[PDB]
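One structure is given below, encoded as structure tokens.
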Amino acid sequence: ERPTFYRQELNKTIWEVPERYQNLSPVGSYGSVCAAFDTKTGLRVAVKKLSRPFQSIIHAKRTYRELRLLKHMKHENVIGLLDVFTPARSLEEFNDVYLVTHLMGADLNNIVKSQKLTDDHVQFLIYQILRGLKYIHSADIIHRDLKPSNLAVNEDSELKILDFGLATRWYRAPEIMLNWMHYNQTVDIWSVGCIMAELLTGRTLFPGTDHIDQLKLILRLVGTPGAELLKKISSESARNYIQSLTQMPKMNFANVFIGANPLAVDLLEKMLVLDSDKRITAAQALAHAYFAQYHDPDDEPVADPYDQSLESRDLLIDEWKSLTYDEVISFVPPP
Ligand SMILES: CCCCCCCCO[C@@H]1O[C@H](CO)[C@@H](O)[C@H](O)[C@H]1O
Ligand SMILES: CCCCCCCCO[C@@H]1O[C@H](CO)[C@@H](O)[C@H](O)[C@H]1O
Ligand SMILES: CCCCCCCCO[C@@H]1O[C@H](CO)[C@@H](O)[C@H](O)[C@H]1O
């Protein structure tokens, strides 16, 4: 049975939603988001209305990509779908897509507020990110822009990784900062280390003022490339410049993170290595003794493989639109 919808105009735009979704209230901004109450489940939800979903080939492709990812993501620490709907009774009138998920209510700034968390709290939060990253990475997905605003947290400090959240460079791996084009999964591990550091200290690890200051600040802490790492640089210019650099020594992290759990420090040394091939993975981080009170190797699930070649095709608008439509139709709500 097609549910009954109703119109309403929020934050200067019309929203058409099923009746189960009551008390819509804007929470901010590829779409706008309202908090709402789901009378069917009894749950507070975030409802996202996609912005101009089928206006261009590029918008259509993105809508399809977002819809497909979110439908795939089914893990406690990763944002997924409670519902996806359209007013449309058929493909001919299909022009809007609404996405529904748990309202978390806060991201990792509202929960943190620039202060030191306790070690226990830090463990809990980083464990959750890594548990979610393991899941993500097993589907062969690199996040690439992990930061506090891309991490949704509720009151009980239960955390979910967000595709897109509601200073944006402080958490970027050096190789992303330098527009390398062969990233590995440990670009996300770098971002986790920056986040972990800040939760432990109350302070941004690398608050660069601009692009170059950021890299300066990273080199100060991790040192300049060693010889094994220079051997992996294909760009002659990059190579030349690094070789012109005055060798800088890697700092001792026990002196950077004064009074932190020695296991936290050890873990940060394994996350924040210049050479991405030498960074601890999310699976390995989960087994690190720092997360002893939370680690359960039998409840750290992995994803089904995800076909991302389906989203990087070159299709006509009406083809993406029709493919996106079928995804809406095929959607099965979680238990
Ligand atoms: C929905 C649960 C989180 C999934 C994380 C994927 C977020 C996708 O975000 C995308 O990630 C790509 C990485 O492949 C980047 O190259 C893109 O620029 C970015 O748009
Ligand atoms: C002068 C500043 C040096 C920045 C060097 C970044 C080192 C990151 O490490 C490198 O990551 C590359 C991209 O993912 C990989 O191809 C390499 O295997 C890896 O060593
Ligand atoms: C992977 C290595 C990337 C090369 C980074 C380029 C650094 C540019 O950085 C700038 O370099 C200028 C000339 O080099 C100088 O005027 C400045 O001292 C410096 O800030």
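Every chain in the structure tokens takes a letter, A first, then B, and so on in the order presented; its residues are numbered from 1, and the ligands are numbered from 1 following the presented order.
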Determine, for each residue of chain A having at least one atom at most 10 Å from an atom of ligand 1, the closest pair of atoms and their separation in Å to one decimal, counting only C-alpha atoms and all ligand atoms; order by chain and ascending number, as CSV.
```
residue,atom,partner,partner_atom_place_in_ligand_line,distance
A:62,CA,ligand 1,20 (O),8.7
A:65,CA,ligand 1,8 (C),8.8
A:66,CA,ligand 1,1 (C),7.5
A:67,CA,ligand 1,1 (C),9.1
A:68,CA,ligand 1,1 (C),9.2
A:69,CA,ligand 1,1 (C),5.7
A:70,CA,ligand 1,1 (C),5.1
A:71,CA,ligand 1,1 (C),8.6
A:72,CA,ligand 1,1 (C),8.3
A:73,CA,ligand 1,2 (C),6.1
A:74,CA,ligand 1,2 (C),9.0
A:75,CA,ligand 1,2 (C),9.3
A:77,CA,ligand 1,2 (C),9.0
A:78,CA,ligand 1,2 (C),5.3
A:79,CA,ligand 1,2 (C),5.2
A:80,CA,ligand 1,1 (C),6.4
A:81,CA,ligand 1,1 (C),9.3
A:132,CA,ligand 1,3 (C),8.8
A:133,CA,ligand 1,3 (C),8.8
A:135,CA,ligand 1,2 (C),9.7
A:136,CA,ligand 1,4 (C),6.6
A:137,CA,ligand 1,5 (C),9.2
A:139,CA,ligand 1,4 (C),9.8
A:140,CA,ligand 1,14 (O),8.8
A:141,CA,ligand 1,14 (O),5.7
A:142,CA,ligand 1,13 (C),4.9
A:143,CA,ligand 1,5 (C),4.5
A:144,CA,ligand 1,13 (C),5.2
A:145,CA,ligand 1,9 (O),7.2
A:146,CA,ligand 1,5 (C),8.6
A:150,CA,ligand 1,3 (C),8.8
A:151,CA,ligand 1,3 (C),9.7
A:160,CA,ligand 1,2 (C),8.4
A:161,CA,ligand 1,3 (C),5.7
A:162,CA,ligand 1,3 (C),5.1
A:163,CA,ligand 1,3 (C),4.0
A:164,CA,ligand 1,7 (C),6.8
A:183,CA,ligand 1,13 (C),9.6
A:185,CA,ligand 1,13 (C),9.7
A:308,CA,ligand 1,14 (O),9.0
```
Those same residues, written as a compact mmCIF listing (two decimals), in the first residue's frame with N, CA and C atoms?
```txt
# COMPACT_ATOMS: atom_id res chain seq x y z
N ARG A 62 25.29 11.13 -9.12
CA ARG A 62 25.56 11.31 -7.70
C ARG A 62 24.45 10.80 -6.80
N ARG A 65 24.68 7.11 -6.90
CA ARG A 65 25.83 6.74 -6.08
C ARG A 65 25.53 6.83 -4.59
N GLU A 66 24.93 7.93 -4.16
CA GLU A 66 24.56 8.05 -2.75
C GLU A 66 23.54 6.99 -2.35
N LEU A 67 22.47 6.86 -3.13
CA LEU A 67 21.45 5.84 -2.87
C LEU A 67 22.03 4.42 -2.79
N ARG A 68 22.81 4.02 -3.79
CA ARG A 68 23.49 2.72 -3.79
C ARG A 68 24.43 2.45 -2.60
N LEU A 69 25.23 3.43 -2.20
CA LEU A 69 26.14 3.28 -1.04
C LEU A 69 25.36 3.08 0.23
N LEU A 70 24.46 4.00 0.50
CA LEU A 70 23.65 3.94 1.71
C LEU A 70 22.84 2.66 1.80
N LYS A 71 22.38 2.13 0.67
CA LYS A 71 21.62 0.86 0.70
C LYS A 71 22.53 -0.32 1.02
N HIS A 72 23.81 -0.18 0.68
CA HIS A 72 24.79 -1.22 0.95
C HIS A 72 25.26 -1.23 2.41
N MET A 73 25.34 -0.05 3.01
CA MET A 73 25.94 0.12 4.33
C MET A 73 25.00 -0.33 5.41
N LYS A 74 25.38 -1.43 6.10
CA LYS A 74 24.54 -2.06 7.12
C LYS A 74 25.42 -2.52 8.27
N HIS A 75 25.71 -1.57 9.15
CA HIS A 75 26.68 -1.73 10.20
C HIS A 75 26.37 -0.65 11.25
N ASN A 77 28.20 1.24 13.12
CA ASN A 77 29.02 2.45 13.14
C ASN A 77 29.13 3.16 11.78
N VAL A 78 28.23 2.81 10.86
CA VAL A 78 28.17 3.41 9.54
C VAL A 78 26.72 3.86 9.32
N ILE A 79 26.54 5.08 8.79
CA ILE A 79 25.21 5.55 8.46
C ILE A 79 24.61 4.67 7.37
N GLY A 80 23.36 4.24 7.60
CA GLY A 80 22.62 3.49 6.62
C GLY A 80 21.22 4.02 6.45
N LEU A 81 20.37 3.24 5.81
CA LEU A 81 19.01 3.69 5.52
C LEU A 81 17.93 3.03 6.38
N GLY A 132 33.74 0.64 12.33
CA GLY A 132 33.09 1.11 11.11
C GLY A 132 34.01 1.19 9.92
N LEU A 133 35.29 1.55 10.12
CA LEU A 133 36.24 1.64 9.01
C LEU A 133 36.60 0.26 8.49
N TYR A 135 34.66 -2.32 8.35
CA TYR A 135 33.50 -2.64 7.53
C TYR A 135 33.56 -1.97 6.16
N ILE A 136 33.79 -0.67 6.17
CA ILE A 136 33.89 0.14 4.98
C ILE A 136 35.01 -0.33 4.07
N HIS A 137 36.21 -0.48 4.63
CA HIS A 137 37.37 -0.92 3.90
C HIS A 137 37.26 -2.32 3.31
N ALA A 139 34.58 -3.57 2.06
CA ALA A 139 33.82 -3.41 0.82
C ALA A 139 34.70 -2.72 -0.25
N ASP A 140 35.96 -2.42 0.09
CA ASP A 140 36.90 -1.80 -0.85
C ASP A 140 36.57 -0.34 -1.12
N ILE A 141 36.20 0.35 -0.04
CA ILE A 141 35.79 1.73 -0.10
C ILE A 141 36.78 2.49 0.77
N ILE A 142 37.34 3.56 0.21
CA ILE A 142 38.14 4.46 1.00
C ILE A 142 37.27 5.70 1.26
N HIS A 143 37.15 6.11 2.51
CA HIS A 143 36.41 7.32 2.82
C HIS A 143 37.01 8.60 2.25
N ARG A 144 38.26 8.90 2.58
CA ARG A 144 39.02 10.00 1.96
C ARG A 144 38.85 11.38 2.60
N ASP A 145 37.81 11.56 3.41
CA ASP A 145 37.54 12.83 4.08
C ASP A 145 36.91 12.61 5.45
N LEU A 146 37.58 11.78 6.24
CA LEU A 146 37.18 11.53 7.62
C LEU A 146 37.58 12.72 8.52
N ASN A 150 32.08 14.48 10.05
CA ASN A 150 31.66 13.30 9.29
C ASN A 150 31.43 12.10 10.19
N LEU A 151 31.37 12.38 11.49
CA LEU A 151 31.15 11.37 12.52
C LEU A 151 29.95 11.77 13.40
N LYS A 160 28.55 6.91 14.39
CA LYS A 160 28.39 6.41 13.03
C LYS A 160 29.17 7.25 12.04
N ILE A 161 29.80 6.61 11.07
CA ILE A 161 30.52 7.32 10.05
C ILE A 161 29.52 7.79 9.00
N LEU A 162 29.64 9.07 8.64
CA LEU A 162 28.75 9.74 7.69
C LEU A 162 29.42 9.83 6.36
N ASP A 163 28.63 9.66 5.30
CA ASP A 163 29.11 9.85 3.93
C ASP A 163 29.49 11.31 3.77
N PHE A 164 28.50 12.17 4.04
CA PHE A 164 28.65 13.62 4.07
C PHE A 164 28.00 14.19 5.32
N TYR A 183 45.91 6.40 -3.77
CA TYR A 183 45.72 6.32 -2.32
C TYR A 183 45.49 4.89 -1.88
N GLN A 185 43.98 2.52 1.62
CA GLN A 185 42.98 2.60 2.67
C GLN A 185 43.44 3.35 3.92
N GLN A 308 31.48 -0.68 -7.46
CA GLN A 308 31.49 0.74 -7.76
C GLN A 308 31.69 1.10 -9.24
```
Produce a table with one row for each residue of chain A that has an atom at most 9 Å from any atom of ligand 3, each row naming the nearest atom pair and its distance in Å at one decimal; use only C-alpha atoms and all ligand atoms; arrange rows by chain and rising residue number; format as a tab-separated table.
```
residue	atom	partner	partner_atom_place_in_ligand_line	distance
A:175	CA	ligand 3	1 (C)	8.3
A:178	CA	ligand 3	1 (C)	6.2
A:180	CA	ligand 3	1 (C)	8.8
A:212	CA	ligand 3	9 (O)	6.4
A:213	CA	ligand 3	20 (O)	8.0
A:215	CA	ligand 3	5 (C)	8.9
A:216	CA	ligand 3	20 (O)	8.6
A:233	CA	ligand 3	1 (C)	8.5
A:235	CA	ligand 3	1 (C)	8.2
A:237	CA	ligand 3	2 (C)	7.2
A:238	CA	ligand 3	1 (C)	4.0
A:239	CA	ligand 3	1 (C)	6.9
A:240	CA	ligand 3	2 (C)	8.1
A:241	CA	ligand 3	2 (C)	5.6
A:242	CA	ligand 3	2 (C)	5.9
```
Would you mind listing the residues within 7 Å of ligand 2, counting only C-alpha atoms and all ligand atoms, as number ranges by chain?
A: 174-175, 180-184, 215, 224-225, 229, 232, 242, 274-277
What's around residue 252 of chain A at 10 Å? Count only C-alpha atoms, leave out sequence neighbours fewer than 5 positions away in its own chain, and write the answer as a ChimeraX atom specification.
/A:221-222,257,265,269
Selected residues, C-alpha atoms, written as a tab-separated table (two decimals), in the first residue's frame, please.
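The result, written out as again.tsv:
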```tsv
chain	number	residue	atom	x	y	z
A	221	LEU	CA	55.90	15.73	13.90
A	222	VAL	CA	56.54	12.74	11.60
A	257	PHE	CA	51.30	13.34	24.12
A	265	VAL	CA	50.83	6.70	22.20
A	269	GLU	CA	52.83	6.06	16.30
```
Test item, strand (DSSP E or B) assignment across segment 109-255 of chain A, answer as a list in words:
residues 151, 152, 153, 159, 160 and 161 of chain A
With C-alpha atoms retained, could you export that selection as a compact mmCIF listing (two decimals), in the first residue's frame?
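To be explicit, this is the file written out as part_6.txt:
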```
# COMPACT_ATOMS: atom_id res chain seq x y z
CA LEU A 151 31.15 11.37 12.52
CA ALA A 152 27.61 11.33 14.01
CA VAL A 153 27.35 10.80 17.74
CA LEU A 159 29.04 6.83 16.74
CA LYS A 160 28.39 6.41 13.03
CA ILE A 161 30.52 7.32 10.05
```
For a quick check of understanding, using only C-alpha atoms, which of A:123, A:110, A:115, A:284 has the smallest distance to residue 155 of chain A?
A:110
Just want the 7 Å neighbourhood of residue 61 of chain A, counted on only C-alpha atoms, with same-chain residues fewer than 4 positions away dropped. Output as a list in words.
residues 57, 65, 311 and 320 of chain A
Can I get the selected residues back with N, CA, C and O atoms, as a PDB file, in the first residue's frame?
```pdb
ATOM      1  N   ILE A  57      23.281  15.184 -15.722  1.00  0.00           N
ATOM      2  CA  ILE A  57      23.896  13.861 -15.716  1.00  0.00           C
ATOM      3  C   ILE A  57      24.698  13.662 -14.432  1.00  0.00           C
ATOM      4  O   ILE A  57      24.616  12.607 -13.786  1.00  0.00           O
ATOM      5  N   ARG A  65      24.681   7.115  -6.897  1.00  0.00           N
ATOM      6  CA  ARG A  65      25.827   6.741  -6.076  1.00  0.00           C
ATOM      7  C   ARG A  65      25.532   6.829  -4.593  1.00  0.00           C
ATOM      8  O   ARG A  65      25.839   5.906  -3.848  1.00  0.00           O
ATOM      9  N   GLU A 311      28.474   2.762 -10.706  1.00  0.00           N
ATOM     10  CA  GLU A 311      28.313   4.223 -10.548  1.00  0.00           C
ATOM     11  C   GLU A 311      29.260   5.094 -11.409  1.00  0.00           C
ATOM     12  O   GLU A 311      29.015   6.281 -11.582  1.00  0.00           O
ATOM     13  N   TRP A 320      20.105   7.009 -15.609  1.00  0.00           N
ATOM     14  CA  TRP A 320      20.398   7.157 -14.168  1.00  0.00           C
ATOM     15  C   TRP A 320      19.121   7.294 -13.367  1.00  0.00           C
ATOM     16  O   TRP A 320      18.951   6.613 -12.355  1.00  0.00           O
TER      17      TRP A 320
END
```
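The smallest atom-to-atom distance between residue 171 of chain A and any of A:113, A:313, A:147, A:270, using only C-alpha atoms, is found for A:147.
Taking the backbone of this structure through DSSP, the residues of segment 241-286 of chain A that come out as helix (DSSP H, G or I) are residues 241, 242, 243, 244, 253, 254, 255, 256, 262, 263, 264, 265, 266, 267, 268, 269, 270, 271, 276, 277, 278, 282, 283, 284, 285 and 286 of chain A.
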For the residues in that selection, give me N, CA, C and O atoms as an mmCIF file, in the first residue's frame.
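Here's the written file part-v6.cif:
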```
data_model
loop_
_atom_site.group_PDB
_atom_site.id
_atom_site.type_symbol
_atom_site.label_atom_id
_atom_site.label_comp_id
_atom_site.auth_asym_id
_atom_site.auth_seq_id
_atom_site.Cartn_x
_atom_site.Cartn_y
_atom_site.Cartn_z
ATOM 1 N N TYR A 241 62.414 18.046 -4.897
ATOM 2 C CA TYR A 241 62.097 18.925 -3.778
ATOM 3 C C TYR A 241 62.369 18.293 -2.412
ATOM 4 O O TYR A 241 62.926 18.941 -1.523
ATOM 5 N N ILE A 242 61.923 17.050 -2.237
ATOM 6 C CA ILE A 242 62.134 16.336 -0.985
ATOM 7 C C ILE A 242 63.644 16.184 -0.753
ATOM 8 O O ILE A 242 64.133 16.464 0.337
ATOM 9 N N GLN A 243 64.371 15.780 -1.796
ATOM 10 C CA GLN A 243 65.832 15.652 -1.712
ATOM 11 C C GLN A 243 66.557 16.954 -1.387
ATOM 12 O O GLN A 243 67.554 16.924 -0.670
ATOM 13 N N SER A 244 66.051 18.079 -1.900
ATOM 14 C CA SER A 244 66.520 19.411 -1.496
ATOM 15 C C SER A 244 66.215 19.738 -0.021
ATOM 16 O O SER A 244 66.806 20.668 0.552
ATOM 17 N N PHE A 253 56.737 10.587 20.249
ATOM 18 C CA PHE A 253 55.323 10.851 20.521
ATOM 19 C C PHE A 253 55.032 10.869 22.030
ATOM 20 O O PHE A 253 54.067 11.512 22.475
ATOM 21 N N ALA A 254 55.851 10.147 22.801
ATOM 22 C CA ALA A 254 55.769 10.164 24.262
ATOM 23 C C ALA A 254 56.010 11.565 24.833
ATOM 24 O O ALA A 254 55.577 11.851 25.956
ATOM 25 N N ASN A 255 56.664 12.428 24.044
ATOM 26 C CA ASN A 255 56.864 13.851 24.375
ATOM 27 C C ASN A 255 55.825 14.794 23.790
ATOM 28 O O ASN A 255 55.701 15.939 24.217
ATOM 29 N N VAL A 256 55.092 14.325 22.795
ATOM 30 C CA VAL A 256 54.036 15.121 22.207
ATOM 31 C C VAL A 256 52.789 14.904 23.046
ATOM 32 O O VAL A 256 52.113 15.859 23.434
ATOM 33 N N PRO A 262 50.230 4.856 27.696
ATOM 34 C CA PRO A 262 51.316 4.506 26.761
ATOM 35 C C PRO A 262 50.823 3.668 25.565
ATOM 36 O O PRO A 262 51.462 3.676 24.511
ATOM 37 N N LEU A 263 49.706 2.964 25.731
ATOM 38 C CA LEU A 263 49.099 2.220 24.615
ATOM 39 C C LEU A 263 48.493 3.142 23.544
ATOM 40 O O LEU A 263 48.547 2.829 22.352
ATOM 41 N N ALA A 264 47.943 4.271 23.990
ATOM 42 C CA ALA A 264 47.410 5.302 23.094
ATOM 43 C C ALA A 264 48.511 5.898 22.219
ATOM 44 O O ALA A 264 48.303 6.179 21.030
ATOM 45 N N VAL A 265 49.672 6.112 22.840
ATOM 46 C CA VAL A 265 50.833 6.701 22.197
ATOM 47 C C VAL A 265 51.366 5.703 21.181
ATOM 48 O O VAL A 265 51.602 6.061 20.020
ATOM 49 N N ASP A 266 51.527 4.450 21.620
ATOM 50 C CA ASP A 266 51.987 3.401 20.740
ATOM 51 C C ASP A 266 51.066 3.341 19.504
ATOM 52 O O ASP A 266 51.534 3.379 18.372
ATOM 53 N N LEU A 267 49.761 3.273 19.735
ATOM 54 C CA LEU A 267 48.767 3.295 18.647
ATOM 55 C C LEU A 267 48.907 4.510 17.694
ATOM 56 O O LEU A 267 48.864 4.342 16.477
ATOM 57 N N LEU A 268 49.082 5.711 18.245
ATOM 58 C CA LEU A 268 49.301 6.919 17.436
ATOM 59 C C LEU A 268 50.556 6.880 16.577
ATOM 60 O O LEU A 268 50.548 7.359 15.450
ATOM 61 N N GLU A 269 51.640 6.326 17.106
ATOM 62 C CA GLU A 269 52.834 6.065 16.304
ATOM 63 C C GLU A 269 52.563 5.117 15.117
ATOM 64 O O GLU A 269 53.241 5.213 14.116
ATOM 65 N N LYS A 270 51.610 4.186 15.257
ATOM 66 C CA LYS A 270 51.290 3.235 14.171
ATOM 67 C C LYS A 270 50.272 3.779 13.164
ATOM 68 O O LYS A 270 50.166 3.283 12.053
ATOM 69 N N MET A 271 49.560 4.834 13.549
ATOM 70 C CA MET A 271 48.583 5.465 12.672
ATOM 71 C C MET A 271 49.227 6.580 11.866
ATOM 72 O O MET A 271 48.924 6.789 10.699
ATOM 73 N N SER A 276 52.345 5.607 3.943
ATOM 74 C CA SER A 276 51.036 5.041 4.097
ATOM 75 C C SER A 276 51.082 3.532 4.054
ATOM 76 O O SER A 276 50.179 2.880 4.617
ATOM 77 N N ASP A 277 52.114 2.968 3.410
ATOM 78 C CA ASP A 277 52.227 1.492 3.326
ATOM 79 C C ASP A 277 52.590 0.907 4.682
ATOM 80 O O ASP A 277 52.467 -0.298 4.890
ATOM 81 N N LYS A 278 53.060 1.763 5.588
ATOM 82 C CA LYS A 278 53.514 1.333 6.904
ATOM 83 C C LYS A 278 52.516 1.654 8.025
ATOM 84 O O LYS A 278 52.803 1.432 9.214
ATOM 85 N N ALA A 282 42.751 -0.948 9.827
ATOM 86 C CA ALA A 282 41.659 -0.809 10.801
ATOM 87 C C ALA A 282 41.471 -2.114 11.546
ATOM 88 O O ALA A 282 41.289 -2.102 12.787
ATOM 89 N N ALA A 283 41.507 -3.239 10.788
ATOM 90 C CA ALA A 283 41.497 -4.608 11.357
ATOM 91 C C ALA A 283 42.596 -4.821 12.384
ATOM 92 O O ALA A 283 42.330 -5.390 13.448
ATOM 93 N N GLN A 284 43.817 -4.373 12.071
ATOM 94 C CA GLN A 284 44.965 -4.479 12.989
ATOM 95 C C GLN A 284 44.845 -3.576 14.214
ATOM 96 O O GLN A 284 45.043 -4.027 15.338
ATOM 97 N N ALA A 285 44.497 -2.308 14.001
ATOM 98 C CA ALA A 285 44.155 -1.365 15.086
ATOM 99 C C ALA A 285 43.112 -1.914 16.083
ATOM 100 O O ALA A 285 43.262 -1.752 17.299
ATOM 101 N N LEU A 286 42.086 -2.596 15.585
ATOM 102 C CA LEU A 286 41.062 -3.195 16.463
ATOM 103 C C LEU A 286 41.628 -4.263 17.425
ATOM 104 O O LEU A 286 41.060 -4.486 18.521
#
```
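By only C-alpha atoms, and with residues fewer than 3 positions from residue 120 of chain A along its chain excluded, the set lying at most 12 Å from it is residues 116, 117, 123, 124, 125, 126, 127, 157, 199, 200, 260, 261, 264, 290, 291, 292, 293 and 294 of chain A.
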Interface rows for segment 65-161 of chain A against segment 9-28 of chain A: nearest pair, Å to one decimal, 10 Å, only C-alpha atoms, as CSV:
```
residue,atom,partner,partner_atom,distance
A:85,CA,A:17,CA,7.9
A:86,CA,A:17,CA,7.8
A:87,CA,A:16,CA,6.4
A:96,CA,A:16,CA,9.1
A:97,CA,A:16,CA,9.9
A:98,CA,A:17,CA,8.1
A:100,CA,A:21,CA,9.9
A:105,CA,A:27,CA,9.0
```
Please produce an output containing C-alpha atoms for each residue in the selection, written as a PDB file, in the first residue's frame.
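Generated output (result-v6.pdb):
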```pdb
ATOM      1  CA  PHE A  85      10.937   7.381  -0.548  1.00  0.00           C
ATOM      2  CA  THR A  86       9.514   9.548  -3.377  1.00  0.00           C
ATOM      3  CA  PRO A  87       6.040  11.172  -3.829  1.00  0.00           C
ATOM      4  CA  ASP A  96      12.593  13.848  -5.862  1.00  0.00           C
ATOM      5  CA  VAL A  97      14.362  11.442  -3.513  1.00  0.00           C
ATOM      6  CA  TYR A  98      14.118  11.464   0.289  1.00  0.00           C
ATOM      7  CA  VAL A 100      15.817   8.476   6.109  1.00  0.00           C
ATOM      8  CA  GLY A 105      21.716  14.695  17.009  1.00  0.00           C
TER       9      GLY A 105
END
```
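Restricting the calculation to only C-alpha atoms, the smallest distance between residue 196 of chain A and any of A:329, A:245, A:122, A:177 is found for A:122.
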Counting only C-alpha atoms, which residue out of A:37, A:3, A:330, A:201 sits closest to residue 259 of chain A?
A:201
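Counting only C-alpha atoms, segment 321-327 of chain A has the following residues at most 7 Å away, ignoring those fewer than 5 positions along the same chain: residues 54, 60, 64 and 91 of chain A.
Nearest residue to residue 192 of chain A, choosing from A:251, A:280, A:166, A:88 and counting only C-alpha atoms: A:280.
Counting only C-alpha atoms and comparing A:176, A:230, A:167, A:129, the residue that lies closest to residue 193 of chain A is A:129.
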